[PDB]
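Next up: just one chain, as structure tokens, the form deposited without guanosine-5'-diphosphate.
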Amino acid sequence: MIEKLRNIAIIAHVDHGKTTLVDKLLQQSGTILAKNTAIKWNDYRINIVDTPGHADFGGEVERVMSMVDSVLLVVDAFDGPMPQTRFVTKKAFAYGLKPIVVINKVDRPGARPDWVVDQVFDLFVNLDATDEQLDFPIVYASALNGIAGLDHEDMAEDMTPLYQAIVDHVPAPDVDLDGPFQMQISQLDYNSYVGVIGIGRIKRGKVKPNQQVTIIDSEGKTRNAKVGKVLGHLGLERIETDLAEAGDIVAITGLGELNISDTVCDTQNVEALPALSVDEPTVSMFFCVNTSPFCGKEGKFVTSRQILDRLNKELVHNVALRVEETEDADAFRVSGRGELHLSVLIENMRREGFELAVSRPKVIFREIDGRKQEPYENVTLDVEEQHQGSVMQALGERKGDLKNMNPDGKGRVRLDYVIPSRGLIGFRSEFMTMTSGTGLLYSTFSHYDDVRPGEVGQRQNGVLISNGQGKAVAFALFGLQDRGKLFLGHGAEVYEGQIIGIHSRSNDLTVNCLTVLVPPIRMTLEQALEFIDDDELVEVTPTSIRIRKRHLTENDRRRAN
């Protein structure tokens, strides 16, 4: 007995009314979303733990997933599944969890449930076991009428089908009621009256107010403490209990400054629960102090220390990230999840008043069983049919393996690829122009595997490199556009070694733009990071983005050969 417990996490796009759904489940029971919603339906206790927004790689998602035994994916009957819920879903599958899928707003005009079922099932090649895609239940919902059913055209008179699906398909928590107390802190909270609050799912035993405990951290260091209050969850609120047991998701109040991954134990049996979120980076990138003639002329913060400090500050609220020191004490090896991750770190360092230069992002190879290996991704593209042949060939050049293609029937088409990150880096910029801006691209890390032999097509064109420092005059630029496209027009301030344009041919050319014009190519940070080669950097300031050679003088470059 006492396993009428169901702990489930809920996933939804922010516009797909997960708040409205839970609210309906709440008011038809015997009981921004609360972080936990405790529902009493029949003799069952259903904990619905919320998931963070689509942008939150602090490890919060896998903290939630470590407390629940299933997941509830809510999907609009017209929009279908949204790309933003991709990563939360991939992590639920990573924790072995099976999904319950709810297709709500099934009564809205233009609803197409059969269609979104296929989408949800197809989105489900986030490499999910047949256990997770075969036999996931589908429950259609209309929050307006508060009705659910296994068939949208044959719905029940209330939400009973959704309750039953949860009871039937969510397993009871894998816990022991009889052992000594053991609970890992998965979430933290705070209140001015009660202090630091530790939230988790009790793995073993039971806890009472004033119970003597021992907290062991991730390392093995311990301290004794006394439980203040034991807050069980009821509805959207918390309330003091005299007793919480194994399987319960509760909050404990008097243990001091708890940390995530701390394990609260009975003093007689101190045993730490294993930590979780090993989310390793797959793409590295050099963050360097700006050593250019414009150093510290647009950015306030430029020394090596404010760099190393700010980087070692994103570490607390980002764990996919790594930061290393290099032999060069003016450069740092920053590694993140994808190329997009490191971009936003820079893009809002720019807004902090930071001035720095960065290298082209490369993949992190990893040796496994004597075999060198690289990361692969699952890529899904949506292009107009007039771009299909062009997009395909490009991905083939970038070591892409076509796994599926599926036409809209209305002009567009979806393509599915397995591709190494090595070949997908910088593709986004090319793709968007190549597709004339219509195309959509979404990537998801798949697995490491043996490296595909060969290289990705290098930049075909060389660059135009400024030979001196000063303001660019139009009399020179008109002569330079005879040899390629420029990055700047009249009177732009320029120094030596700065890349000022794209050569119409393959070799680099050192020219003079200091000695009536086509609009200059202006590049976003994303475009600039795609452009540069291995002997180049992207100079980044709060208000500017310049591209420069690693070696500024033409003599230094030629010497490197």
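Each residue number is its position in the shown sequence, starting from 1.
Exercise. According to the entry, are there none, 1 to 3, 4 to 9, or 10 or more residues of the deposited sequence without coordinates between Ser70 and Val71?
Worked result: Gap size class: none, per the record.
Problem set entry | Unresolved deposited residues in the interval that joins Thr515 and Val516 | Going from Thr515 to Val516, the model skips 10 or more residues of the deposited sequence.
For this session: Could you check the entry and say whether 255-263 or 377-385 has the higher mean CA B-factor?
Result: Comparing 255-263 with 377-385, the higher mean C-alpha B-factor belongs to 377-385.
For this session: Compare the mean C-alpha B-factor of 288-296 with that of 152-160 as given in the PDB entry, and name the stretch with the higher value.
Result: It is 288-296.
For this session: Tell me which of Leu144, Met349, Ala246, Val363 tops the list for C-alpha B factor in the record.
Result: Of the options given, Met349 has the highest CA B-factor in the PDB entry.
Exercise. For the listed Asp118, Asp76, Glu367, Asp416, which has the peak Cα B-factor recorded in the PDB entry?
Worked result: Answer, based on the entry's C-alpha B-factors: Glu367.
Exercise. Looking at the C-alpha B-factor of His54, is it in the lowest, middle or highest third of its chain?
Worked result: It belongs to the highest third of the chain when residues are ordered by C-alpha B-factor.
For this session: Among all modelled residues of this chain, ranked by Cα B factor, put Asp217 in the bottom, middle or top third, i.e. lowest, middle or highest.
Result: Answer is lowest: the recorded C-alpha B-factor places it there.
Problem set entry | Third of the chain, ranked by Cα B-factor, where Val538 sits | Middle third.
Exercise. Against its chain's modelled residues, does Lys35's Cα B factor rank lowest, middle or highest third?
Worked result: Ranked within chain, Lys35 CA B lands in the lowest tercile.
For this session: Check where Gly200 lands among this chain's C-alpha B-factors and tell me if it's the lowest, middle or highest third.
Result: It belongs to the lowest third of the chain when residues are ordered by C-alpha B-factor.
Below, we turn to the form solved in complex with guanosine-5'-diphosphate, even though it does not appear here.
Exercise. What is the one choice in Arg201, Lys105, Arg204, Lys399 with a heavy atom within 4.5 Å of guanosine-5'-diphosphate in the entry with it bound?
Worked result: If I apply the 4.5 Å criterion carefully, the residue I get is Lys105.
Exercise. Looking at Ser429, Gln119, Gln187, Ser142, which has any heavy atom no more than 4.5 Å from guanosine-5'-diphosphate in the entry with it bound?
Worked result: Of the listed residues, the single hit is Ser142.
Exercise. Counting only non-hydrogen atoms, which stretch in 142-150, 310-318, 243-251, 296-304 is within 4.5 Å of guanosine-5'-diphosphate in the entry with it bound?
Worked result: Within 4.5 Å of the partner lies stretch 142-150.
Exercise. Using heavy atoms and a 4.5 Å limit, would one call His13 a contact residue for guanosine-5'-diphosphate in the entry with it bound?
Worked result: Contact check for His13: yes, within 4.5 Å of guanosine-5'-diphosphate in the entry with it bound.
Exercise. Is there a non-hydrogen atom of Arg546 within 4.5 angstroms of a non-hydrogen atom of guanosine-5'-diphosphate in the entry with it bound?
Worked result: Residue-level check for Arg546: no, no contact with guanosine-5'-diphosphate.
Problem set entry | is_contact(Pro542, guanosine-5'-diphosphate) in the entry with it bound, heavy atom dist at most 4.5 Å | Because no heavy atom of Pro542 falls inside 4.5 Å of guanosine-5'-diphosphate in the entry with it bound, the answer is no.
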